[PDB]
$ cat data-v1.cif   # mmCIF, C-alpha atoms
data_entry
#
loop_
_atom_site.label_atom_id
_atom_site.label_comp_id
_atom_site.auth_asym_id
_atom_site.auth_seq_id
_atom_site.Cartn_x
_atom_site.Cartn_y
_atom_site.Cartn_z
CA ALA A 1 91.40 21.96 -101.21
CA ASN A 2 91.11 25.75 -99.79
CA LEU A 3 94.72 26.32 -100.52
CA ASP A 4 97.16 28.78 -98.98
CA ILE A 5 99.71 30.16 -101.48
CA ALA A 6 102.79 32.12 -100.53
CA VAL A 7 104.48 34.27 -103.17
CA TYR A 8 107.71 36.21 -103.42
CA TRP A 9 107.40 39.82 -104.52
CA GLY A 10 110.00 42.47 -105.32
CA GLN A 11 112.02 40.83 -108.12
CA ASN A 12 111.32 43.26 -110.93
CA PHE A 13 110.96 47.03 -111.27
CA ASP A 14 108.21 46.49 -113.79
CA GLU A 15 106.15 43.99 -111.82
CA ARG A 16 102.51 44.11 -110.71
CA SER A 17 102.45 46.39 -107.65
CA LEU A 18 102.37 44.99 -104.09
CA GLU A 19 98.80 46.22 -103.64
CA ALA A 20 97.54 44.73 -106.92
CA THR A 21 99.29 41.50 -105.94
CA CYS A 22 97.31 41.45 -102.69
CA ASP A 23 94.04 42.36 -104.44
CA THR A 24 94.26 39.24 -106.66
CA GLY A 25 92.98 37.32 -103.64
CA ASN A 26 95.24 34.36 -104.56
CA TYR A 27 97.81 34.67 -101.78
CA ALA A 28 97.86 34.17 -98.00
CA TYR A 29 101.49 35.38 -97.64
CA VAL A 30 103.45 37.90 -99.69
CA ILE A 31 107.18 37.79 -99.02
CA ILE A 32 109.04 40.91 -99.98
CA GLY A 33 112.66 40.15 -101.11
CA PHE A 34 115.35 40.99 -100.29
CA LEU A 35 117.49 42.47 -97.52
CA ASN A 36 120.54 41.12 -99.31
CA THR A 37 123.35 43.20 -97.82
CA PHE A 38 124.48 42.77 -94.26
CA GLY A 39 127.30 41.44 -92.15
CA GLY A 40 131.06 41.69 -92.43
CA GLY A 41 131.26 45.44 -91.89
CA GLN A 42 128.42 46.54 -94.15
CA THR A 43 125.41 48.45 -93.19
CA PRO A 44 122.13 46.63 -94.17
CA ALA A 45 120.63 47.43 -97.57
CA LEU A 46 117.59 46.24 -99.53
CA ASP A 47 117.55 45.20 -103.11
CA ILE A 48 113.92 45.24 -104.05
CA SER A 49 114.56 45.83 -107.79
CA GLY A 50 114.29 49.61 -107.70
CA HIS A 51 110.90 49.87 -105.98
CA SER A 52 110.64 52.79 -103.57
CA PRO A 53 110.84 51.42 -99.99
CA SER A 54 108.88 54.36 -98.51
CA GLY A 55 106.30 53.98 -101.27
CA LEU A 56 105.55 50.50 -99.99
CA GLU A 57 104.21 51.71 -96.63
CA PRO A 58 100.56 52.19 -97.78
CA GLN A 59 100.57 49.11 -100.02
CA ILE A 60 101.68 46.90 -97.12
CA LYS A 61 98.91 48.36 -94.94
CA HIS A 62 96.42 47.69 -97.72
CA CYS A 63 97.59 44.08 -98.02
CA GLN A 64 97.18 43.62 -94.27
CA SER A 65 93.67 45.07 -94.25
CA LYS A 66 92.75 42.34 -96.69
CA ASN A 67 94.25 39.75 -94.30
CA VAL A 68 97.38 39.08 -96.34
CA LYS A 69 100.49 38.55 -94.22
CA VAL A 70 103.55 40.45 -95.42
CA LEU A 71 107.07 39.24 -94.59
CA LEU A 72 110.53 40.59 -95.28
CA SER A 73 112.98 38.08 -96.62
CA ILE A 74 116.66 38.21 -95.61
CA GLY A 75 119.53 36.94 -97.82
CA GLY A 76 118.21 35.86 -101.23
CA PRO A 77 119.63 34.12 -104.33
CA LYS A 78 122.54 36.56 -104.58
CA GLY A 79 124.10 39.28 -102.50
CA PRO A 80 127.02 40.18 -100.27
CA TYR A 81 125.39 38.93 -97.13
CA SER A 82 127.15 36.98 -94.35
CA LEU A 83 126.69 36.48 -90.56
CA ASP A 84 130.03 35.21 -89.34
CA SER A 85 130.28 36.81 -85.86
CA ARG A 86 128.00 36.81 -82.82
CA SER A 87 128.09 40.61 -83.05
CA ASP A 88 126.73 40.51 -86.62
CA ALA A 89 123.78 38.33 -85.49
CA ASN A 90 122.92 40.66 -82.56
CA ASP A 91 123.20 43.77 -84.72
CA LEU A 92 120.94 42.36 -87.42
CA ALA A 93 118.33 41.02 -84.94
CA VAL A 94 118.11 44.40 -83.20
CA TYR A 95 117.88 46.24 -86.54
CA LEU A 96 115.07 44.02 -87.90
CA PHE A 97 113.14 44.23 -84.65
CA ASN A 98 113.26 48.01 -84.33
CA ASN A 99 112.82 48.90 -87.99
CA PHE A 100 110.29 46.36 -89.25
CA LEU A 101 108.69 44.36 -86.44
CA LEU A 102 107.79 47.07 -83.89
CA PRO A 103 105.72 50.25 -84.17
CA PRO A 104 107.62 53.45 -84.80
CA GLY A 105 109.87 54.98 -82.14
CA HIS A 106 109.54 58.63 -83.44
CA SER A 107 113.29 59.57 -84.12
CA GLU A 108 115.65 56.97 -86.15
CA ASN A 109 114.28 55.81 -89.39
CA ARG A 110 112.56 52.99 -91.02
CA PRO A 111 112.75 51.55 -94.61
CA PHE A 112 109.07 50.98 -95.01
CA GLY A 113 107.97 53.98 -92.93
CA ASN A 114 105.41 53.28 -90.23
CA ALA A 115 104.42 49.86 -91.65
CA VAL A 116 104.85 46.94 -89.26
CA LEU A 117 105.59 43.62 -91.00
CA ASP A 118 104.14 40.18 -90.10
CA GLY A 119 107.47 38.38 -89.95
CA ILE A 120 110.93 37.53 -91.26
CA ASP A 121 111.81 34.97 -93.98
CA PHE A 122 115.29 33.34 -93.89
CA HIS A 123 116.27 32.86 -97.59
CA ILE A 124 119.90 32.01 -96.79
CA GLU A 125 121.55 30.60 -99.86
CA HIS A 126 125.24 30.65 -98.95
CA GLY A 127 127.57 30.99 -95.93
CA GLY A 128 126.81 27.75 -94.24
CA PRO A 129 125.09 27.63 -90.67
CA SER A 130 127.28 30.51 -89.39
CA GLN A 131 125.52 32.41 -86.64
CA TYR A 132 122.08 32.10 -88.14
CA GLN A 133 121.02 30.05 -85.14
CA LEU A 134 121.93 32.90 -82.78
CA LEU A 135 120.00 35.30 -85.04
CA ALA A 136 116.92 33.05 -84.85
CA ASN A 137 117.35 32.63 -81.06
CA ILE A 138 117.27 36.37 -80.57
CA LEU A 139 114.35 37.01 -82.90
CA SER A 140 112.49 34.15 -81.20
CA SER A 141 113.15 35.78 -77.83
CA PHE A 142 111.54 39.01 -79.11
CA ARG A 143 108.51 37.02 -80.26
CA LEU A 144 108.18 35.75 -76.68
CA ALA A 145 108.37 39.28 -75.26
CA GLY A 146 105.18 40.52 -76.86
CA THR A 147 105.90 41.25 -80.50
CA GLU A 148 103.70 38.72 -82.39
CA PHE A 149 105.36 37.76 -85.75
CA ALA A 150 106.28 34.73 -87.87
CA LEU A 151 109.67 33.22 -88.63
CA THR A 152 109.91 31.32 -91.91
CA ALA A 153 112.68 29.72 -93.98
CA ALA A 154 113.25 28.79 -97.68
CA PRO A 155 115.75 25.92 -97.83
CA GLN A 156 116.80 24.22 -101.03
CA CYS A 157 115.33 20.75 -101.57
CA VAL A 158 118.21 18.49 -100.47
CA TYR A 159 117.73 17.38 -96.88
CA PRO A 160 119.31 18.48 -94.64
CA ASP A 161 119.86 21.94 -96.07
CA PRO A 162 123.57 22.96 -95.79
CA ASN A 163 122.82 26.58 -94.84
CA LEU A 164 119.78 26.28 -92.60
CA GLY A 165 119.53 22.61 -91.67
CA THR A 166 120.81 23.04 -88.15
CA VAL A 167 118.64 26.06 -87.60
CA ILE A 168 115.59 24.20 -88.92
CA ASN A 169 116.34 21.36 -86.47
CA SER A 170 115.81 23.83 -83.57
CA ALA A 171 112.07 23.94 -84.48
CA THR A 172 112.10 27.74 -84.46
CA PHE A 173 110.30 28.23 -87.79
CA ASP A 174 106.54 28.54 -88.00
CA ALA A 175 106.60 27.47 -91.63
CA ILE A 176 109.08 26.39 -94.23
CA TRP A 177 108.77 26.57 -98.06
CA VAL A 178 111.16 24.14 -99.71
CA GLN A 179 112.40 25.23 -103.11
CA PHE A 180 111.59 22.28 -105.34
CA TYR A 181 113.55 23.79 -108.21
CA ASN A 182 117.04 24.50 -109.55
CA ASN A 183 118.20 21.02 -108.45
CA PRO A 184 117.40 17.97 -110.53
CA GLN A 185 118.16 15.68 -107.57
CA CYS A 186 115.00 16.81 -105.75
CA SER A 187 112.62 18.53 -108.15
CA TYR A 188 110.35 17.76 -111.05
CA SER A 189 111.96 16.60 -114.28
CA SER A 190 111.28 14.60 -117.46
CA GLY A 191 107.71 13.81 -116.59
CA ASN A 192 109.39 12.03 -113.69
CA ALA A 193 108.22 13.28 -110.29
CA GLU A 194 109.98 10.42 -108.50
CA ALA A 195 112.84 12.63 -107.25
CA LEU A 196 110.30 15.26 -106.21
CA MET A 197 108.07 12.82 -104.33
CA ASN A 198 110.99 11.28 -102.50
CA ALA A 199 112.23 14.71 -101.34
CA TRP A 200 108.75 15.79 -100.29
CA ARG A 201 108.44 12.61 -98.22
CA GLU A 202 111.69 13.29 -96.41
CA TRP A 203 110.92 16.95 -95.75
CA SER A 204 107.39 16.33 -94.56
CA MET A 205 108.55 13.62 -92.18
CA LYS A 206 111.77 15.11 -90.81
CA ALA A 207 111.45 18.91 -90.85
CA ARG A 208 110.73 20.26 -87.36
CA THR A 209 108.05 22.76 -88.22
CA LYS A 210 104.23 22.85 -88.09
CA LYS A 211 103.78 23.65 -91.81
CA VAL A 212 105.80 22.68 -94.87
CA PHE A 213 104.92 24.34 -98.19
CA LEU A 214 106.02 23.08 -101.63
CA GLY A 215 107.83 25.80 -103.59
CA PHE A 216 107.52 25.76 -107.41
CA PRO A 217 108.48 28.13 -110.20
CA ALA A 218 105.51 29.99 -111.65
CA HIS A 219 106.82 29.77 -115.25
CA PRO A 220 109.47 27.80 -117.18
CA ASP A 221 111.63 30.94 -117.50
CA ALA A 222 111.43 31.56 -113.74
CA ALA A 223 114.03 28.93 -112.75
CA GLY A 224 116.77 26.89 -114.41
CA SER A 225 114.85 23.69 -113.82
CA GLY A 226 111.92 22.18 -111.94
CA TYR A 227 108.95 23.79 -113.68
CA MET A 228 105.86 21.57 -113.24
CA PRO A 229 102.62 22.46 -115.01
CA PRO A 230 99.69 23.22 -112.71
CA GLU A 231 97.54 20.31 -113.94
CA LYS A 232 100.33 17.91 -112.96
CA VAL A 233 100.80 19.52 -109.55
CA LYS A 234 97.09 19.09 -108.92
CA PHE A 235 96.87 15.51 -110.18
CA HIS A 236 100.18 14.07 -108.87
CA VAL A 237 101.24 16.01 -105.84
CA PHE A 238 98.11 17.14 -104.01
CA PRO A 239 96.61 13.69 -103.31
CA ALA A 240 99.85 12.59 -101.53
CA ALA A 241 100.80 15.95 -99.98
CA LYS A 242 97.31 16.04 -98.42
CA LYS A 243 97.93 12.93 -96.54
CA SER A 244 100.32 14.98 -94.48
CA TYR A 245 99.45 16.76 -91.26
CA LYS A 246 102.31 19.08 -92.12
CA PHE A 247 101.05 20.13 -95.55
CA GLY A 248 100.89 23.93 -95.62
CA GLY A 249 100.15 24.81 -99.23
CA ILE A 250 102.46 25.92 -102.03
CA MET A 251 104.90 28.78 -102.54
CA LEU A 252 105.54 30.36 -105.94
CA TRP A 253 108.65 31.91 -107.33
CA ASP A 254 107.55 34.58 -108.06
CA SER A 255 104.84 37.26 -108.42
CA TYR A 256 106.34 38.76 -111.57
CA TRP A 257 106.18 35.38 -113.35
CA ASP A 258 102.81 34.33 -111.83
CA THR A 259 101.22 37.51 -113.28
CA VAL A 260 102.42 36.25 -116.71
CA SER A 261 101.52 32.58 -116.47
CA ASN A 262 98.45 32.76 -114.20
CA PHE A 263 99.85 29.67 -112.44
CA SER A 264 98.08 30.41 -109.15
CA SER A 265 94.82 31.19 -111.00
CA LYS A 266 94.95 27.69 -112.51
CA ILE A 267 95.82 25.89 -109.29
CA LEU A 268 92.85 27.35 -107.48
CA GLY A 269 90.19 27.10 -110.34
CA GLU A 270 90.15 30.72 -110.87
CA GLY A 271 90.94 32.51 -107.45
CA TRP A 272 88.88 35.63 -107.75
#
$ encode --input "data-v1.cif" --output "structure tokens"
Amino acid sequence: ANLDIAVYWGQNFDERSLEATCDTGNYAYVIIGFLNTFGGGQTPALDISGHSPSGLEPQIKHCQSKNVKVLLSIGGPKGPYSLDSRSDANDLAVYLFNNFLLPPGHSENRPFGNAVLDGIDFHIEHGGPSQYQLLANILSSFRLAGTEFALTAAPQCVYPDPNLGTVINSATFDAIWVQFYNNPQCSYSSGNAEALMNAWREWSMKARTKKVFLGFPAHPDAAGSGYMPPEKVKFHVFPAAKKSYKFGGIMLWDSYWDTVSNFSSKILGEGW
């Protein structure tokens, strides 16, 4: 099928390194997670499971030299993040732009050193719409001013998504990876993909984006529910998902678990 696979990285101190992840050759996008503290009077902080942020500079550059796009994900499954005021949204946009999306400015400092990331992933899991639209408006404005980067989003599988639905409706995202997991109403279950197929059909028809990816857990321990073996993804989902002009590929939660299960290796034949 010549499949693009996006994977989340950064969820365990003991995981395969960012550079070894890129060297597998299995992934088109690596999404580092997460900037999970911001808003409501806090300064921004990363929780990337104890990995050294400065130590990532050369690994990110290596990934990019092998044509792997590297994004930073904001929010995440847990964290004291919120964006309730217009001032929060402006502050966070300006911070992401200066520290991750532009070349170095020689005096204030950056998390990942002189690395320049390929975009920002909105993994907003609570708070509601809030000012996320304003945040996306401002980042989009920067994109139009010369800084070339992607904006992506990771909604849950019920359409419309309660946290990002209105932002997705603005068409601002270049790609979206729907999490087809942790909700039995819209993900695989019982050897019964009916709920999954119906949600895919809605998302692929209604989401205002050029590319929609299907997000799956890489291993049964990786999510509470929704694990679908790779043979069944290939046999059941691909023939239908390929009838869609919006089909982008799949996303896997997450690198740590994919190392263990070799899920991506199986989906691709072997992926070397």
$ atom_distance --input "data-v1.cif" --atom1 "CA of residue 200 (chain A)" --atom2 "CA of residue 124 (chain A)"
20.0 Å
$ closest_residue --input "data-v1.cif" --among "A:132, A:149, A:257, A:181" --to "residue 10 (chain A)" --atoms "all atoms listed in the file"
A:257
$ closest_residue --input "data-v1.cif" --among "A:68, A:260, A:266, A:233" --to "residue 15 (chain A)" --atoms "only C-alpha atoms"
A:260
$ residues_around --input "data-v1.cif" --residues "residue 267 (chain A)" --least-positions-apart "4" --cutoff "8 Å" --atoms "only C-alpha atoms" --output "number ranges by chain"
A: 230-231, 234, 263
$ write_last_selection --input "data-v1.cif" --atoms "C-alpha atoms" --output "tab-separated table (two decimals), in the frame of the given file"
chain	number	residue	atom	x	y	z
A	230	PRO	CA	99.69	23.22	-112.71
A	231	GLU	CA	97.54	20.31	-113.94
A	234	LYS	CA	97.09	19.09	-108.92
A	263	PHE	CA	99.85	29.67	-112.44
$ closest_residue --input "data-v1.cif" --among "A:146, A:215, A:239, A:77" --to "residue 179 (chain A)" --atoms "all atoms listed in the file"
A:215
$ resolve_selection --input "data-v1.cif" --expression "the PyMOL selection byres ((chain A and resi 28) around 6)" --output "PyMOL selection string"
chain A and resi 4-6+27+29+68
$ atom_distance --input "data-v1.cif" --atom1 "CA of residue 222 (chain A)" --atom2 "CA of residue 240 (chain A)"
25.4 Å
$ closest_atom_pairs --input "data-v1.cif" --of "region 15-54 of chain A" --to "region 94-116 of chain A" --cutoff "12 Å" --atoms "all atoms listed in the file" --output "Markdown table"
| residue | atom | partner | partner_atom | distance |
| --- | --- | --- | --- | --- |
| A:32 | CA | A:112 | CA | 11.2 |
| A:35 | CA | A:96 | CA | 10.0 |
| A:38 | CA | A:95 | CA | 10.7 |
| A:39 | CA | A:95 | CA | 12.0 |
| A:43 | CA | A:95 | CA | 10.3 |
| A:44 | CA | A:95 | CA | 8.7 |
| A:45 | CA | A:111 | CA | 9.4 |
| A:46 | CA | A:111 | CA | 8.7 |
| A:47 | CA | A:111 | CA | 11.6 |
| A:48 | CA | A:111 | CA | 11.4 |
| A:51 | CA | A:112 | CA | 11.2 |
| A:52 | CA | A:112 | CA | 8.9 |
| A:53 | CA | A:112 | CA | 5.3 |
| A:54 | CA | A:112 | CA | 4.9 |
$ write_last_selection --input "data-v1.cif" --atoms "C-alpha atoms" --output "JSON list (two decimals), keeping the file's coordinate frame"
[["chain", "number", "residue", "atom", "x", "y", "z"],
["A", 32, "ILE", "CA", 109.04, 40.91, -99.98],
["A", 35, "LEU", "CA", 117.49, 42.47, -97.52],
["A", 38, "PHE", "CA", 124.48, 42.77, -94.26],
["A", 39, "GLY", "CA", 127.30, 41.44, -92.15],
["A", 43, "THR", "CA", 125.41, 48.45, -93.19],
["A", 44, "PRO", "CA", 122.13, 46.63, -94.17],
["A", 45, "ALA", "CA", 120.63, 47.43, -97.57],
["A", 46, "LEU", "CA", 117.59, 46.24, -99.53],
["A", 47, "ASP", "CA", 117.55, 45.20, -103.11],
["A", 48, "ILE", "CA", 113.92, 45.24, -104.05],
["A", 51, "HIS", "CA", 110.90, 49.87, -105.98],
["A", 52, "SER", "CA", 110.64, 52.79, -103.57],
["A", 53, "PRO", "CA", 110.84, 51.42, -99.99],
["A", 54, "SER", "CA", 108.88, 54.36, -98.51]]
$ closest_residue --input "data-v1.cif" --among "A:187, A:244, A:152, A:67" --to "residue 217 (chain A)" --atoms "all atoms listed in the file"
A:187
$ atom_distance --input "data-v1.cif" --atom1 "CA of residue 193 (chain A)" --atom2 "CA of residue 26 (chain A)"
25.4 Å
$ residues_around --input "data-v1.cif" --residues "residue 62 (chain A)" --least-positions-apart "4" --cutoff "8 Å" --atoms "only C-alpha atoms" --output "PyMOL selection string"
chain A and resi 19+58+66
$ resolve_selection --input "data-v1.cif" --expression "the PyMOL selection byres ((chain A and resi 272) around 8)" --output "list in words"
residues 24, 25, 26, 270 and 271 of chain A
$ resolve_selection --input "data-v1.cif" --expression "the PyMOL selection byres ((chain A and resi 184) around 10)" --output "list in words"
residues 157, 180, 181, 182, 183, 185, 186, 187, 188, 189, 190, 195, 196, 224, 225 and 226 of chain A
$ closest_residue --input "data-v1.cif" --among "A:172, A:264, A:204, A:59" --to "residue 216 (chain A)" --atoms "all atoms listed in the file"
A:264
$ closest_residue --input "data-v1.cif" --among "A:237, A:92, A:197, A:153" --to "residue 167 (chain A)" --atoms "all atoms listed in the file"
A:153
$ residues_around --input "data-v1.cif" --residues "residue 78 (chain A)" --least-positions-apart "6" --cutoff "10 Å" --atoms "all atoms listed in the file" --output "list in words"
residues 34, 36, 37, 124, 125 and 126 of chain A
$ residues_around --input "data-v1.cif" --residues "residue 83 (chain A)" --least-positions-apart "2" --cutoff "8 Å" --atoms "all atoms listed in the file" --output "list in words"
residues 38, 39, 40, 81, 85, 86, 88, 89, 127, 130, 131 and 132 of chain A
$ decode --input "data-v1.cif" --residues "region 227-240 of chain A" --atoms "N, CA, C and O atoms" --output "PDB file, in the first residue's frame"
ATOM      1  N   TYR A 227      -7.507  -2.772  21.027  1.00  0.00           N
ATOM      2  CA  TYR A 227      -6.417  -3.443  20.334  1.00  0.00           C
ATOM      3  C   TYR A 227      -6.973  -4.312  19.186  1.00  0.00           C
ATOM      4  O   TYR A 227      -7.903  -5.090  19.374  1.00  0.00           O
ATOM      5  N   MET A 228      -6.390  -4.167  18.001  1.00  0.00           N
ATOM      6  CA  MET A 228      -6.802  -4.927  16.829  1.00  0.00           C
ATOM      7  C   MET A 228      -5.551  -5.501  16.192  1.00  0.00           C
ATOM      8  O   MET A 228      -4.636  -4.759  15.844  1.00  0.00           O
ATOM      9  N   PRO A 229      -5.479  -6.834  16.080  1.00  0.00           N
ATOM     10  CA  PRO A 229      -4.283  -7.476  15.560  1.00  0.00           C
ATOM     11  C   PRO A 229      -3.964  -6.970  14.157  1.00  0.00           C
ATOM     12  O   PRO A 229      -4.871  -6.574  13.420  1.00  0.00           O
ATOM     13  N   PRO A 230      -2.684  -6.983  13.780  1.00  0.00           N
ATOM     14  CA  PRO A 230      -2.311  -6.399  12.497  1.00  0.00           C
ATOM     15  C   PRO A 230      -2.896  -7.119  11.286  1.00  0.00           C
ATOM     16  O   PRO A 230      -3.129  -6.481  10.247  1.00  0.00           O
ATOM     17  N   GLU A 231      -3.076  -8.433  11.380  1.00  0.00           N
ATOM     18  CA  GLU A 231      -3.652  -9.173  10.245  1.00  0.00           C
ATOM     19  C   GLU A 231      -5.069  -8.709  10.001  1.00  0.00           C
ATOM     20  O   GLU A 231      -5.501  -8.674   8.853  1.00  0.00           O
ATOM     21  N   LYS A 232      -5.798  -8.379  11.068  1.00  0.00           N
ATOM     22  CA  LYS A 232      -7.190  -7.946  10.925  1.00  0.00           C
ATOM     23  C   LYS A 232      -7.272  -6.515  10.426  1.00  0.00           C
ATOM     24  O   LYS A 232      -8.172  -6.180   9.640  1.00  0.00           O
ATOM     25  N   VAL A 233      -6.353  -5.659  10.870  1.00  0.00           N
ATOM     26  CA  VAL A 233      -6.269  -4.304  10.294  1.00  0.00           C
ATOM     27  C   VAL A 233      -6.028  -4.374   8.794  1.00  0.00           C
ATOM     28  O   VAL A 233      -6.694  -3.710   8.017  1.00  0.00           O
ATOM     29  N   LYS A 234      -5.089  -5.210   8.373  1.00  0.00           N
ATOM     30  CA  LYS A 234      -4.810  -5.339   6.949  1.00  0.00           C
ATOM     31  C   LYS A 234      -5.989  -5.901   6.136  1.00  0.00           C
ATOM     32  O   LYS A 234      -6.293  -5.421   5.050  1.00  0.00           O
ATOM     33  N   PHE A 235      -6.646  -6.927   6.659  1.00  0.00           N
ATOM     34  CA  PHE A 235      -7.701  -7.590   5.919  1.00  0.00           C
ATOM     35  C   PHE A 235      -9.013  -6.799   5.903  1.00  0.00           C
ATOM     36  O   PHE A 235      -9.683  -6.716   4.873  1.00  0.00           O
ATOM     37  N   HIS A 236      -9.407  -6.267   7.033  1.00  0.00           N
ATOM     38  CA  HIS A 236     -10.695  -5.582   7.239  1.00  0.00           C
ATOM     39  C   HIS A 236     -10.754  -4.107   6.929  1.00  0.00           C
ATOM     40  O   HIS A 236     -11.719  -3.628   6.323  1.00  0.00           O
ATOM     41  N   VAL A 237      -9.706  -3.406   7.368  1.00  0.00           N
ATOM     42  CA  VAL A 237      -9.768  -1.955   7.376  1.00  0.00           C
ATOM     43  C   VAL A 237      -9.185  -1.352   6.107  1.00  0.00           C
ATOM     44  O   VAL A 237      -9.821  -0.492   5.476  1.00  0.00           O
ATOM     45  N   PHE A 238      -7.994  -1.803   5.714  1.00  0.00           N
ATOM     46  CA  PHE A 238      -7.339  -1.243   4.535  1.00  0.00           C
ATOM     47  C   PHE A 238      -8.177  -1.209   3.250  1.00  0.00           C
ATOM     48  O   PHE A 238      -8.202  -0.166   2.580  1.00  0.00           O
ATOM     49  N   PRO A 239      -8.876  -2.322   2.903  1.00  0.00           N
ATOM     50  CA  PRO A 239      -9.601  -2.243   1.626  1.00  0.00           C
ATOM     51  C   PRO A 239     -10.602  -1.075   1.585  1.00  0.00           C
ATOM     52  O   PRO A 239     -10.647  -0.354   0.598  1.00  0.00           O
ATOM     53  N   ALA A 240     -11.350  -0.876   2.668  1.00  0.00           N
ATOM     54  CA  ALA A 240     -12.304   0.240   2.793  1.00  0.00           C
ATOM     55  C   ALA A 240     -11.646   1.625   2.987  1.00  0.00           C
ATOM     56  O   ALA A 240     -12.046   2.606   2.365  1.00  0.00           O
TER      57      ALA A 240
END
